[PDB]
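Each remark here refers to the structure printed beneath this line.
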Amino acid sequence: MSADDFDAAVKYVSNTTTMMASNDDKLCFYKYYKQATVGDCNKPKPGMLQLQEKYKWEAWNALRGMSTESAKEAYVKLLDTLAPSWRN
Numbered sequence: 001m002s003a004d005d006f007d008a009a010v011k012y013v014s015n016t017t018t019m020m021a022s023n024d025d026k027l028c029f030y031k032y033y034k035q036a037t038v039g040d041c042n043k044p045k046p047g048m049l050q051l052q053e054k055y056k057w058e059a060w061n062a063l064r065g066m067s068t069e070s071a072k073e074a075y076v077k078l079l080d081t082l083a084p085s086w087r088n
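Counted from 1, the sequence shown has number 29 at position 29 by UniProt numbering; the numbering is strictly sequential.
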């Protein structure tokens, strides 16, 4: 399973961020750490002058209801796009 290996994943993304990553990809590992911890989005709407906020508020709310293993399972498959050198 890739739900327990999430540890080595969060440490690779939290410590290493110089890897070739996109602007939308960096928002994936962010919504996973929240869904794999809480479960769903339940925060008030962000500012009204920022764009990224919407992407960070819509994403976390998009996977609203996701399970713990469900998110962690995505952190391993998604992280592969940022730094696949962690699995191999």
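Ideal placement from N, C-alpha and C gives every residue a C-beta, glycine not left out.
The alpha helix (DSSP H) spanning residue i covers which residue range?
i, result
"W86", "Taken as a continuous stretch (DSSP letters only), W86 belongs to no alpha helix (DSSP H), as it is neither H nor E."
"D25", "Segment: none, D25 is in no alpha helix (DSSP H) and carries neither H nor E."
"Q52", "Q52 to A62"
"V38", "It is not in any alpha helix (DSSP H) - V38 carries neither H nor E in the DSSP assignment."
"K11", "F6 to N15"
Note down, in chain order, each residue of its chain lying with its Cβ closer than 7 Å to the Cβ of residue i, except the 5 sequence neighbours on either side.
i, result
"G47", "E53"
"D5", "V76"
Ordered along the chain, which non-local residues of its own chain (more than five positions away) have a Cβ less than 8 Å from that of residue i?
i, result
"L78", "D25, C28, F29 and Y32"
"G65", "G39 and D40"
Spatial neighbours of residue i within its chain, please: CB distance less than 6 Å, with the 5 preceding and 5 following residues excluded, ordered by chain position.
i, result
"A21", "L82"
"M19", "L82 and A83"
Assuming residue i contacts residue j under a Cβ cut-off of 8 Å, what Cβ separation, rounded to an integer in Å, is found between them?
i, j, result
"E69", "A3", "4 Å"
Inter-stretch contact at 8 Å, needing at least 3 Cβ pairs: the region 40–58 / the region 10–17
Counting Cβ pairs under 8 Å, fewer than three are found: no touch.
Is the region 19–33 touching the region 59–70, taking contact as three or more C-beta pairs under 8 Å?
In the pairwise beta carbon analysis, the region 19–33 is classified as touching the region 59–70: at least three pairs are separated by under 8 Å.
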